[PDB]
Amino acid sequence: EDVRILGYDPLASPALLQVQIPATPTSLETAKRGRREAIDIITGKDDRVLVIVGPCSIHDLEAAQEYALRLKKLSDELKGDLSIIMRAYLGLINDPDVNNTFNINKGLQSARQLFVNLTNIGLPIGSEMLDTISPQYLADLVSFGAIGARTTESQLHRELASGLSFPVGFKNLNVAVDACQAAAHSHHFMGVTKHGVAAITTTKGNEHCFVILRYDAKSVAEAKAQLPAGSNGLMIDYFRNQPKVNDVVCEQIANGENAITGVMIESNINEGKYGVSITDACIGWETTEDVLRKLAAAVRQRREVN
């Protein structure tokens, strides 16, 4: 045993990291607001659209900060129509520098300082949950979670989602509806606690899971058919074909389509060195701005048909 384990390195616990990099009272309030507002949208209490938007991944804290300032300025302008959460997708925990210098403790610390800095300016954040131990380190600052399409069918991720304190999306169709259904139940599994030791976790079940379609009226009505009683609304995942997607979705929204409650957009300062993604290609700020303005107007037109 352990012939293929080189070794083990000490890891600060979540509790430890929360004392070292504590959240401000503004961060904490911003994360709680972003959850309430997402929950109101995806459960239909609220008629805005939730928009998850930002960089494919984060590699640079200042770049991230600047983006976060533009988006917060825009989010102020469009808040009658759109609830906005920044994708802060973390890559950074596993290797924060590079030259393959796998300094996970420095990675958790930066990841957490990043989340605290984002939410301190009143901008709620959303993340891909990949790992099942890392959310213990960051979850107090998150308002939204996505399970990637590689892991929608993974029992561990569905258990994880069940115990999360925020809405979680699952990417496609039957696997994603079976994921939401399984996340909604109580589960019992071996998990790591705040104090960094294994224990048996019992979860309550997450009634705020929803499907992410990764777009045309015919698809969406086929998607609505499959949806059990008790469903939340659909989210649409949108490099440069994202504005075309927007147009078709915007036209459903304006014409009365109430089952589309959210969208996701990969977007950075610049399109495709400062402010450009080192993973997937994203649209740049100015195309983001116009996608969003157009979404907002369509949400307005929608209050009108209703």
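Start at 1 and count along the sequence shown; that's the residue number. Throughout, rigid core stands for the largest set of C-alpha atoms superposing within 1.5 Å between the two forms.
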Superpose on the core, then say which of 76-84 and 216-224 ends up with the larger RMS Cα offset from this form in 7 other deposited structures of this protein. 216-224
Does the chain run continuously from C209 to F210, or are deposited residues unmodelled in between? Answer none, 1 to 3, 4 to 9, or 10 or more. none
Quick check: 185-193 versus 215-223, which has the larger average CA B-factor in the record? 215-223
Going by the mean C-alpha B-factor recorded in the entry, which is higher: 32-40 or 53-61? 53-61
Max C-alpha B-factor within the set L123, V98, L141, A161 falls on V98
Looking at the entry's B-factor column for C-alpha atoms only, identify whether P135 ranks in the lowest, middle or highest third of its chain. middle
Taking the entry's C-alpha B-factors for this chain, is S277 in the lowest, middle or highest third? highest
Among the chain's modelled residues, which third holds the C-alpha B-factor of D81? middle
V116, C-alpha B-factor rank within chain (lowest, middle or highest third): middle
In terms of the CA temperature factor given in the entry, to which third of its chain does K171 belong: lowest, middle or highest? middle
